[PDB]
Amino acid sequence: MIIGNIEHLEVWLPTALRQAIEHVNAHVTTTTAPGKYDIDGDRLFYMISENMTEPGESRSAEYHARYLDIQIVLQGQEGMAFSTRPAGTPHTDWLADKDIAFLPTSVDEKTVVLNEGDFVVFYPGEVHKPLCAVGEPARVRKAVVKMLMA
């Protein structure tokens, strides 16, 4: 996984990901409604969302098979949980239809706290659990970039 901040994109970020984040930076405002927004067909697009965080123990983790995720905090504070090891057995496998599988929290799960402008990149297979509460549940507004891997 990769961690960075959207106001400070460096050459070490793969160029296609840098360009996607710059697209989000150039087009998203605080008034952009929740929904799906275009960049490059099914190869690159992004979703705006706003949700309450919740205790990490109350959500399943997820992974994808075809799409990379860029998770960008626009407003708020988000606990991002993840594993550095391959996914365990999912309780839900919708990879063919929806490119997502859900599975229970791993023994090795880590958490990083993300503030405004921070982003994380998860490549296919990387287990992640967004929107974990940091203290009391609270609203987080985010962009999630999806990029189709070759």
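Residue numbers here begin at 1 and follow the sequence given.
- Legend: mean Cα B-factor per stretch from the PDB entry, 90-98 versus 119-127; the higher mean is in 90-98.
- The stretch with the higher mean CA B factor, choosing between 79-87 and 54-62, is 54-62.
- The PDB entry assigns the greatest CA B-factor among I70, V107, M47, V28 to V107.
- When the CA B factors of the chain's modelled residues are split into thirds, the value for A138 lands in the middle one.
- Among the modelled residues of its chain, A20 has a C-alpha B-factor that falls in the middle third according to the deposited record.
- Remark: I6 belongs to the highest third of its chain, ranked by C-alpha B-factor as recorded.
- When the CA B factors of the chain's modelled residues are split into thirds, the value for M149 lands in the highest one.
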